[PDB]
There are 2 protein chains.
Amino acid sequence: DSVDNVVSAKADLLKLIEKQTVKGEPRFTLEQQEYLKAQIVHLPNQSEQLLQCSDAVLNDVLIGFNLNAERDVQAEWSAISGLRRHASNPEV
Amino acid sequence: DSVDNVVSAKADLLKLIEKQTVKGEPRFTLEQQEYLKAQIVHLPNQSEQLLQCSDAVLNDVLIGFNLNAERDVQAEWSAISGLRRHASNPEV
DNA sequence: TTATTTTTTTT
DNA sequence: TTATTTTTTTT
């Protein structure tokens, strides 16, 4: 039901992949551990999903789909790209 | 056409009401000057009109029309009442 | 051929 | 009679 537990449980799973040991030796090699962690995905609500994406990624997406060109996207994304930097205020 | 000139012209009119002199004496008494300035009004766009209103005034309005009671108003007005304090960022 | 930067307000 | 504080996501 709760986001706080979805994220907590996901982190515990990654931790378990890190530190699970059998006969006293760590169960997975590093390439293996990166493999399993690759398979897990987490799906927040849309707004938080956006705010997770770094500016480089989203700019890359805008370029790749040439959506960098049209005005409404650029104005909107500029405003959002800004507020991040002062999201420390809960009101922001 | 331009807001910068509407506000500039209004301020010049108030200044003229202040300092217009006839035969070397100031044309209007203080109660007169407050009278004329009472008659002038200025009508910005809606958003700036809101941001001019002090929190006390808008809270008084919300109370007088009991709109203080309903949730959407309070959430929205709280958010706006906040951002003002950090409107120094143009992005905000 | 001609050859840019622009304002305002509301939904 | 019974007697509150609550989460999440999208439009």
# chains A, B, ... in the order shown; residues from 1 in each chain; ligands from 1
call {"tool": "select_by_dssp", "arguments": {"residues": "chain B", "states": "strand (DSSP E)", "output": "JSON, numbers by chain"}}
result
{"B": [21, 22, 25, 26]}
call {"tool": "closest_atom_pairs", "arguments": {"of": "chain B", "to": "chain A", "cutoff": "7 Å", "atoms": "only C-alpha atoms", "output": "tab-separated table"}}
result
residue	atom	partner	partner_atom	distance
B:79	CA	A:91	CA	5.7
B:82	CA	A:91	CA	5.9
B:83	CA	A:92	CA	6.5
B:91	CA	A:79	CA	5.7
B:92	CA	A:83	CA	6.5
call {"tool": "interface_residues", "arguments": {"of": "chain A", "to": "chain D", "cutoff": "9 Å", "atoms": "only C-alpha atoms (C1' of nucleotides)", "output": "list in words"}}
result
residues 1, 2, 3, 45 and 46 of chain A
call {"tool": "write_last_selection", "arguments": {"atoms": "C-alpha atoms", "output": "PDB file, in the first residue's frame"}}
result
ATOM      1  CA  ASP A   1       0.000   0.000   0.000  1.00  0.00           C
ATOM      2  CA  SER A   2       2.688   2.488   1.019  1.00  0.00           C
ATOM      3  CA  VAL A   3       5.558   4.035  -0.936  1.00  0.00           C
ATOM      4  CA  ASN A  45       4.357   7.938  -9.370  1.00  0.00           C
ATOM      5  CA  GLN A  46       4.957  10.056 -12.417  1.00  0.00           C
TER       6      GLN A  46
END
call {"tool": "atom_distance", "arguments": {"atom1": "CA of residue 18 (chain A)", "atom2": "CA of residue 6 (chain A)"}}
result
18.6 Å
call {"tool": "residues_around", "arguments": {"residues": "region 29-41 of chain B", "least_positions_apart": "2", "cutoff": "10 Å", "atoms": "only C-alpha atoms (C1' of nucleotides)", "output": "MDAnalysis selection string"}}
result
chainID B and resid 10 13:15 17:19 26:27 43:44
call {"tool": "select_by_dssp", "arguments": {"residues": "region 16-56 of chain B", "states": "helix (DSSP H, G or I)", "output": "PDB file with C-alpha atoms, in the first residue's frame"}}
result
ATOM      1  CA  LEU B  16       1.920  65.309 -10.060  1.00  0.00           C
ATOM      2  CA  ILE B  17      -0.917  65.298  -7.542  1.00  0.00           C
ATOM      3  CA  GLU B  18       1.718  65.576  -4.818  1.00  0.00           C
ATOM      4  CA  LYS B  19       3.804  68.395  -6.163  1.00  0.00           C
ATOM      5  CA  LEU B  30      -3.249  66.466   2.307  1.00  0.00           C
ATOM      6  CA  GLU B  31      -6.850  65.341   2.647  1.00  0.00           C
ATOM      7  CA  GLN B  32      -7.395  66.520  -0.911  1.00  0.00           C
ATOM      8  CA  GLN B  33      -4.329  64.642  -2.140  1.00  0.00           C
ATOM      9  CA  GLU B  34      -5.539  61.513  -0.437  1.00  0.00           C
ATOM     10  CA  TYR B  35      -8.931  62.087  -2.042  1.00  0.00           C
ATOM     11  CA  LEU B  36      -7.624  62.263  -5.581  1.00  0.00           C
ATOM     12  CA  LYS B  37      -5.272  59.334  -5.073  1.00  0.00           C
ATOM     13  CA  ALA B  38      -8.244  57.406  -3.794  1.00  0.00           C
ATOM     14  CA  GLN B  39      -9.939  57.842  -7.165  1.00  0.00           C
ATOM     15  CA  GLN B  46      -4.701  38.604 -12.590  1.00  0.00           C
ATOM     16  CA  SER B  47      -1.555  36.858 -11.392  1.00  0.00           C
ATOM     17  CA  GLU B  48       0.253  40.040 -10.492  1.00  0.00           C
ATOM     18  CA  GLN B  49      -2.952  41.340  -8.946  1.00  0.00           C
ATOM     19  CA  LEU B  50      -2.927  38.367  -6.612  1.00  0.00           C
ATOM     20  CA  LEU B  51       0.732  38.690  -5.738  1.00  0.00           C
ATOM     21  CA  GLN B  52       0.216  42.296  -4.717  1.00  0.00           C
ATOM     22  CA  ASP B  55      -1.471  37.784   3.315  1.00  0.00           C
ATOM     23  CA  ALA B  56      -3.604  39.609   5.865  1.00  0.00           C
TER      24      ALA B  56
END
